[PDB]
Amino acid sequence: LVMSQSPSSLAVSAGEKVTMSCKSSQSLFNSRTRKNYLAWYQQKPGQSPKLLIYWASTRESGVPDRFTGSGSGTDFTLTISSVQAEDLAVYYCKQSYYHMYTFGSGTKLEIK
């Protein structure tokens, strides 16, 4: 199961908005639980990953609503409104539909 992300890199100014995509090779929706098993992680310079959103659109505790996840099946999106300098990082989507979870290659976000 391959996880494809785009674009590879983004360079924007503070206050702008960005949208990144994550496409799964197989549908990640489960009709029994009615949940898309797709998560988004934020990885800051030299640190371990931080879970941001799970079940495609549900935010973790303390995560600002500037971060918005959406999509279902095979095509997902993570949107960041009014980007801030602190958001500088690499964002990864991760599927937990199968035993062995899989990560996408990520989208690097840099602030000008």
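One-based numbering along the sequence shown.
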As the entry reports it, the stretch among 58-66 and 30-38 with higher mean C-alpha B factor is 30-38
Going by the entry, of stretches 92-100 and 14-22 the one with greater average Cα B-factor is 92-100
Among the modelled residues of its chain, the C-alpha B-factor of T107 falls in the third labelled lowest
Of the three thirds of the chain ranked by Cα temperature factor, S48 occupies the highest
Chain-relative C-alpha B factor for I80 (record values, thirds): the lowest
